[PDB]
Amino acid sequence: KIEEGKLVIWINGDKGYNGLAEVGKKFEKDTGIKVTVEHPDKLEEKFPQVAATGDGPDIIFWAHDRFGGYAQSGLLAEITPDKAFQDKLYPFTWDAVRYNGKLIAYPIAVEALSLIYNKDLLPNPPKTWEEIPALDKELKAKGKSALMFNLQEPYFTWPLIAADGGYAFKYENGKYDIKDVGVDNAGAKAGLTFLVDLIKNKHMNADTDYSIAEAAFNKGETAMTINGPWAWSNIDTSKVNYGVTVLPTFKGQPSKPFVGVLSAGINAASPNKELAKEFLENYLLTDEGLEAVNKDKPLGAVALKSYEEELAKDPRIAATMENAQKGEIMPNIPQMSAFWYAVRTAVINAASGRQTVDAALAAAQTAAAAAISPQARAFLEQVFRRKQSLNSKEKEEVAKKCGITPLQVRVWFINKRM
């Protein structure tokens, strides 16, 4: 499918899609080419589905960690910016979107979580995670709570979990070791344990999510929250006197948020590749372009040098870059999705008192390191139930959507048939 002659962009629902739509209208003004911006729920999971079959949006926005998986499967077109445009962005953001020596997306924003606090409830933010339980007690006596943040998505709990030892995939030389998952150690264990103790001691609720945490903070019901720059927009409208600062340390170590580089990748099947290139390069990645999105929902730090240095004057931007510096850029290898799924499962099962922190982290290591991830194996299990004989073309398709090589798909199936 993919209608030729226009542009269909997918971007997460928490970003400034309305602002990106504005950039689209401008593009339509100078070119006549219509651009529609959609924000499908779970787009990072949907993209590989439809893209595998040659469908989907012309352009996809998302943290670079998912992109390596997409490009390995042939779903992302290689972008070819010339020397001049390439110079307009920071080299480290370009490296984030480089897979197997190729550039597979245009870097946009450098995202990192920060500690967001209410200056009226709390004159001075806590320097450590350790003092927070005590702060909560002080605040509970006044009918308020110290902290609330999304506990459902690992992105928000990883900073504390990795603070003292956690890591995605062991990195030696220029290659990651996909069998060495760093959730399998004492540092990570202590961090998740601290998290569960906060929940067990009633300082947080195991069910709190993005909406609940945001609602609570924007109402002045909780003293602090943990979120990205995109969430600043709603806090401004709530008229809360907030500040954005460094994340609390744990065991003396800085919280280590995984830095995500929001990037725009071009669908390998798009018949509008030159248009997407032009829209992104000459329209979006300009001070006017980024600002249009920013005004809707803040991008936070950015990849465009010119605009990044203007934003640097904003203390919230500084805080964001502070946290970015203390954390680290996430890997973009195909195994990242299994990593996240693994951690997501661990945190929830541990926070629910279903599994011990230790048993949870051990299974996370097993799940994330599996040659075939649990999700995907499940995908393969479905399908097989429908068709137990793979067509040379269908297998190539299943590989793409699952994120495994055609070879793996083919060997499974044969093993499944023995």
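Note that residue numbering begins at 1 and tracks the sequence as displayed.
Stretch comparison (143-151 versus 249-257) by mean CA B-factor in the PDB entry places 143-151 on top.
Judged by mean Cα B factor in the deposited record, 166-174 ranks above the other of 166-174 and 195-203.
Taking only the listed residues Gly265, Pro331, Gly182, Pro126, the entry reports the highest CA temperature factor at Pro126. Each of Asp296, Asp314, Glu214, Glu278 has a CA temperature factor in the record; the biggest one is found at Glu278. Per the deposited record, the Cα B-factor of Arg98 falls in the middle third when ranked against the other modelled residues of its chain. Among the modelled residues of the chain, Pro81 sits in the highest third by CA temperature factor in this PDB entry.
Annotation for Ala292: C-alpha temperature factor in the middle third relative to the rest of the modelled chain, per the entry. In this PDB entry, the Cα temperature factor of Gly74 sits in the middle third of its chain's modelled residues.
When the modelled residues of the chain are ordered by C-alpha B-factor, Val35 sits in the middle third.
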